[PDB]
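Below you will find one chain, with nothing else, as structure tokens; this is the form deposited in one PDB entry, and questions on how it binds or moves follow later.
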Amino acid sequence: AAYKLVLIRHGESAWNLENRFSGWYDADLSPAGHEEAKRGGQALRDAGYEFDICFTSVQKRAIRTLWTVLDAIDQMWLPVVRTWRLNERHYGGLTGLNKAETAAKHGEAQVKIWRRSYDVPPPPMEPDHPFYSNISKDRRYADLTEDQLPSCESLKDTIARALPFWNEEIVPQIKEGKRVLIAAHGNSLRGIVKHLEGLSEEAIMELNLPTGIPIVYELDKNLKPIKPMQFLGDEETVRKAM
């Protein structure tokens, strides 16, 4: 009816098929993941969607997804804004570890906590971690205060540092009538969804947004979903992601 917001979670990354925890590691899209973005774009193109501004993280997999979509819908000229605040949730020490092995050393129970709990952050990424410098010392996050640069994040944490950007940067745009497109990650996107739908912690915990599929929201003048989220795509894909 009124405001339409589109979200898109990047597809499979190189570390995804390596079965590793990525978090803030700047893993790139895998060929398949790239293809996913390509199809999502095609969906938006066929549905004839138009955007006015784009927001994404400072991570390849998301940015590249955005680029692919913009390319697909012939809107590479749209202004885009990058922000670490839309970054995937920081997985602390688990970063780089193989999920299967981690479950084996620490067990299912423990790993479900680390991945599916709302406010229990994973172990901190210590200075001796294989990716400490790679992440925490990346030029990219130079302007984060010492408190801002996380060593690990729980979904509640991720969400806590995202909503601010959504409130000072995205919301304004939506209110001015700008059709926004957000290309981000599972957990950061969860933050937006939880906020929009006012879902409980338990709820958002069980929600898993589809990858590469355009998620469309129709908001009323108060940025509230006048109906449930819908996914653009071919009968199979769309229905399948339900």
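Start at 1 and count along the sequence shown; that's the residue number. Only the largest set of C-alpha atoms that superpose within 1.5 Å between the two forms is called the rigid core.
Keep in mind the form deposited in another entry is missing from the figure; the text below concerns it.
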query	finding
Identity of the moved residue from 110, 133, 148, 167, C-alpha shift 2 angstroms or more, core fit between the shown form and the other one	110
Cα separation of residue 112 and residue 193 in the other form versus here, shift of 3 Å or more	farther
Direction of Cα pair change residue 135-residue 105 in the other form, magnitude 3 angstroms or more	closer
